[PDB]
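Below are two forms of the same protein chain, given as structure tokens: structure 1, then structure 2.
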Structure 1
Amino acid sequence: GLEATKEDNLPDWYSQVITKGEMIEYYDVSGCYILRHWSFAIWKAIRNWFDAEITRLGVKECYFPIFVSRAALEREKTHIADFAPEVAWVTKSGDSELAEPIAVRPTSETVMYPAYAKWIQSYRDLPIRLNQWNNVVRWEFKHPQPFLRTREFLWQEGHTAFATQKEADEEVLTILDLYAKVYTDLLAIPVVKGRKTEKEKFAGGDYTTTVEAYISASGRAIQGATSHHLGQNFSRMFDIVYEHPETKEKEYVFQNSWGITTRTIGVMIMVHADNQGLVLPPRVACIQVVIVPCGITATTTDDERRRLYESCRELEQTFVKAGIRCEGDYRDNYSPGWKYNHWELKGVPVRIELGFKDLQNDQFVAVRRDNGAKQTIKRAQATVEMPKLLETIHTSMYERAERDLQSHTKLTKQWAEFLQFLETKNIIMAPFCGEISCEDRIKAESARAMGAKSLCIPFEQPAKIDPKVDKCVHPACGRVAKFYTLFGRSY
């Protein structure tokens, strides 16, 4: 059983959910966590779905080295802030100090783009569309949290180069829509699509698009994935050029990069798990249905205790043959109540209870993990009804979370409401001038990590800004509002 509640002590409840749910094992290297099989399976489902999508689009998979040279890391950088990256440095091999230290990759721009330059010998080599499924390392000295913010993490990073800007812009949005679908269609999590402000975009790119999710327990937002248009910034840095076929001049390609991580799993937990443990979205759950025989007594029999099991096994096999990931729990040394708790902790979407009674009556009881409701299904209907049920669960889980998100997304034009909404765990849609210094003042004034940050400029604007009358929300700015921006406390 869980020993903390999502409302009273979120970090404790989260630690208990990931350990008692057998997702994570803690490690003696801080900021790094063991992914047990139960959570790695969810990553597998996410990874395979996304890879199939981008493969169908024409991206191809490759693998570049974990180590980056110091020369490549520092390439073409001239400002002093650029020269002390927080990368992990390998300085020796056994007892031999190395000639030149080499860095663990925090991301792979620096080692892929020299190769892109070599590989693009003419305009006919374009586009180049590659992706890696790999592990990167960012050794920051802040508070790490499993899944959400770790020093080593698994991800995919796609790096694309095109002859025209139009191609690249289109791809930025196609990839962002895939990431949105990861959250909504696989994980039943609503997200907000938008552009980062100038303050929050990737500094090496032209613009950054994002999907943001909302953690109602803390009232905080978290960036779920990212999709950048780099424009020509890196092509000019790394001389990724080709000769124009018509004008014959040297032209720089247009690039994107895009990435998503195991943070997905963290968001799933933070949004869906409850005070009894995990609640797995049906489409990624390793096991969707567990069958628990019950009604066995001390004097049930032995020759009947096996009959009940036989019927449970028959139903299990039917489910598996219908494409439903199902298992039976026939362990004799654990009570049915124990098994109930154990599989609720692991968040299996449907528990089946099957007792002698219901065997007698051609039926069984299906129990939804997300809301606890029980339903009697005639065995003849198992194959028809159980898929429908799993779809319903996904939909309830999504719509539940969506209503949460919308009821805590508050539109206002008034600074006082901005502050009040922020202290009551909302995120806020407000007219915004877009300026970096104004964003700084908004953050500094809203602090009581408690200052509000911009989350994204949402593609779906809640209303149309009137450039003629609408001003920025902050009382001391006074500039024309360029758009509505989403603000909140950012995880």
Structure 2
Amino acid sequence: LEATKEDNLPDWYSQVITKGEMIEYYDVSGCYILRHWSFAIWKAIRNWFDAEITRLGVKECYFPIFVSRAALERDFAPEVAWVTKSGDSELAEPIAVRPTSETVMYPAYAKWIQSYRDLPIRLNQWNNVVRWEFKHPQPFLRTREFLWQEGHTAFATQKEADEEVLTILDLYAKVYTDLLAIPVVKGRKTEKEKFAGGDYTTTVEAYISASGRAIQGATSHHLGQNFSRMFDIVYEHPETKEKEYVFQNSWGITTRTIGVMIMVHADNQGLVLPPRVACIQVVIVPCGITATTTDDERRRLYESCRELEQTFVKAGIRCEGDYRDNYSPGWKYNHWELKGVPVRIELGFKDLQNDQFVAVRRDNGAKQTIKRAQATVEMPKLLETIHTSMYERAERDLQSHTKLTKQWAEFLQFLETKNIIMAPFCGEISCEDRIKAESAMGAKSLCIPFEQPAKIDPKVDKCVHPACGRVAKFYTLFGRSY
């Protein structure tokens, strides 16, 4: 590993994603070959979330990657990738590679709702979407093609919609903290940062101390009746028949997760995978095989290592051994340290003589010896222990970069000191622009958190800036972002 995380972050990240065997750079700018290592992490995330939402009643479909011009046109216009040509023959009308599927799914929804009896609609797509991002692309954070799931739901009454938005958001937050061991702040986005066609938007924000910047981890919007008016998704009331518009929601999460994991956990020696998503959770690395190693002893070692690995598998542990005779044990140590496998097993001849083995943690590198009887009990403890110690390590990190203040001056102080700031705010868009302006790379709104620091005292509290709406409507989290 060539670069360090603290000095020269972009090339630390590059080094990690390549020497960790998750990326291969690709000759269409801003898209990246996904290797087995990364893709398994995405599979773990995808599988948990789909089990969750299929338990809830969301069904799965798939709309085509292509969107007609006419479909799309009824403004992110500069972000649309256009097929214009089939080979050498130029196309009558161009077709667009999808960025999202509202334009295609909501007309379908108008067609599928023939009566009140057809509601609710709860569909989800696991697909890939292409946005010709103008902002600097980063290998997992912002790729021009990315894989995600997008769910679009239609409801009779607004209660169902509000409840599902929050349900999905709790799911998203659990993906972050329970799968990837990352702390996140749940909140509402301001009127400036909400999804334009929506009503309100929930988010799950995370903070990179390295970058000093925060990043949106997923979104769950409540669309209200905005789109159902746009696309005329209506039904007649069963009693007192009158044209009623349905209530909608949409939500999404992407491979950005992997990037956020990297940024939060990887150290200066490679990746550090959260145990619950790591492809290989335990790797056994046989050692002690000197020059004078009688081939019977090398076979005996290999036999015991394979027996240990499979008794791990039977106890539900993703464990593999590394028995390649072309590499030294120390080489194997480094290799798997870059791949960030949570626990390495060291099984030498002396450990064999004692019916034990030594486990080494990828975070903090602590060694600890374990007898082979307790293998199926200690090892899962250790995996959970690692998860917690990762999450807490990051959570304390977040808590040390969040400062609360009611003054602009020390707001700017904090912002320059590489941390994000909780301050009272009016919410007004003009003022939010003024804050970002006078902070320059300037300070953006992250979300209005669900957990407020204090109740706002209306006779006292004021906004964090000079003109505003004056009266503080709530506390908002602000900071530099991705």
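Throughout, rigid core stands for the largest set of C-alpha atoms superposing within 1.5 Å between the two forms. All residue numbers here refer to structure 1's sequence, counted from 1.
- The residue that stands out in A481, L10, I24, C477 is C477, the single one whose Cα moves by 2 angstroms or more between structure 1 and structure 2 on a rigid core fit.
- On rigid-core superposition between structure 1 and structure 2, the C-alpha of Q414 is found to move 1.0 angstrom.
- Taking the core as the reference frame, the CA atom of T247 shifts 2.2 angstrom between structure 1 and structure 2.
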